[PDB]
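So this first bit is one chain, no partners, the form deposited in one PDB entry, shown in C-alpha cells.
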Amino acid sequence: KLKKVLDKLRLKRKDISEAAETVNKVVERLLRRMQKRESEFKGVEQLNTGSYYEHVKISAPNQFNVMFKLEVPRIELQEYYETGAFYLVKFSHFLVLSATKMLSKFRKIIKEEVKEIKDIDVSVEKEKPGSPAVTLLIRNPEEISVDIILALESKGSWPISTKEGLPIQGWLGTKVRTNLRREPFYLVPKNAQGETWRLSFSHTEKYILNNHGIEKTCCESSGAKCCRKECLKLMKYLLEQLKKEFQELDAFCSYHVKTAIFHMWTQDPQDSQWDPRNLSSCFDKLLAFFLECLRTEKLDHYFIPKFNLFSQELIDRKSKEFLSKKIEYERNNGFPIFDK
C-alpha cells in the first residue's frame, strides 16, 4: 500500500552515482574558485544540507542543497522587527553588512565560473528575489538543480529568539541539546529588506535527521528500524503531488512538512511510537497533526518558537482551507494522488 509507494519514491543507486559525480565536479570547481582567486569569500567551506544529505530525498536525485559557509569575526546582530528569524549584521567591501550586495558578488563569481565549464551542461537559473540561493541547472542527460547558499558562520551563543527553541529534551535529551547549541549558528541572505539576513539551522536539522531516535541504536545495524523518515517521505510526496496540480498551493513548501514532523517527533518521542508495522497509523497521525496546524493557522519554527510559518501574513486562510480540503480528501479516499 504505502510500502508500494515508498518503493516508487526510492532512489536508484545507479542514478545517485551519476548525479553525485557531476554535482561534485561542479561544486568542487566553484569552491576552489572562491578560494584560489583572492576573493571576498577566501575562507569559505562546504556544508551539504537538505533532503539528499538527510536521506529523505524522494523520486530522483534531482535537487541538492550546499552551503558555502564563511567564518566571520564577532558580529553584533540586531533583530529586524520582532520576527525572530531576520536580523541586520554589524562589526570587507559590502557595507551594516548588506545581504544583497554580498549575494550579488557571490553570484557574479559563480556565473563567471560556470561560463567556463565545457565538460558538462550547466546554466545558472534566473534569480528569484529574496531567495538566498544561486541555483545551477545541470542537464547531465537528465535535469538536476543545485542550490548554492552563501552562509555567514558565527561562533557566539545562539540568538535569544532561539532560547525556548529546539525542544528536544524529552526526545534526544539535554546533553544533545546543549552540545548542538555549542555548534555555531548560520545566517543566509534571505531578505524579508535588502540588508536583512536569516538564521539557518540546516546543520542542526541534518544531525536530527541522522540521529532521530530516543534509543542510540534507532535505525542502526544492531538496533531496530523506525518509520520516522518513511513518514517524512510520504508527507513530502503528498505535498509535491498536490503542489504540481494546484497553483493555489504555491505558498506551501517542504520546509513546512519538515517543521511539522519535528514537532510530531517531539510529541511522540518513543521509537516504538514509530514502529514500521504501524506505518499507516503513523502517517495518519502526522496528517491529523498537519491539518490541526492548518485549522489553527499555527506552525511554529522548531528553532524560533515566536515565528509562525502559518501566520495570516505569510499564507492566506484561503490557501490553508484549500490545502485542508485536499488533504482531507486524499486521506478519506485511499490517497488516489499517490497513483499519478
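So that there is no doubt, residue numbering starts at 1 and follows the sequence shown. Rigid core (definition): largest C-alpha set, two forms, superposition within 1.5 Å.
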item: Chain break class at residue 192/residue 193 - deposited residues not modelled; value: 4 to 9
item: Absent coordinates between residue 91 and residue 92 - deposited residues affected, binned into four classes; value: 4 to 9
item: Mean Cα B-factor comparison, 296-304 or 32-40, giving the higher one as deposited; value: 32-40
item: Stretch exceeding the other in mean C-alpha B-factor - 310-318, 53-61; value: 310-318
item: Highest recorded Cα temperature factor - choice among 205, 79, 268, 147; value: 79
item: Deposited CA B-factor, highest of 254, 140, 162, 221; value: 140
item: Residue 286 - Cα temperature factor, lowest/middle/highest third of chain; value: lowest
item: Residue 108 by Cα B-factor - lowest, middle or highest third of the modelled chain; value: highest
item: Chain-relative CA temperature factor third for residue 114; value: highest
item: Chain-wide C-alpha B factor ranking for residue 98, given as lowest, middle or highest third; value: highest
item: For residue 250, the third of its chain into which the C-alpha B factor falls; value: middle
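Keep in mind that the form deposited in another entry is missing from the display, and what follows is about it.
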property: Sole residue of 250, 143, 220, 76 shifting 2 angstroms or more in CA between this form and the one not shown, core aligned; result: 143
property: Core-aligned C-alpha movement of residue 208 between this form and the one not shown, 2 Å or more; result: no
property: Rigid core fit then residue 122 CA moved by 2 Å or more between this form and the one not shown; result: yes
property: Shift of residue 65 between this form and the one not shown at or above 2 Å (CA, core fit); result: yes
property: In the other form, whether the C-alpha atoms of residue 11 and residue 150 sit closer or farther than here (change of 3 Å or more); result: farther
property: Distance direction in the other form for the C-alpha atoms of residue 255 and residue 128, relative to the displayed form (3 angstroms or more); result: farther
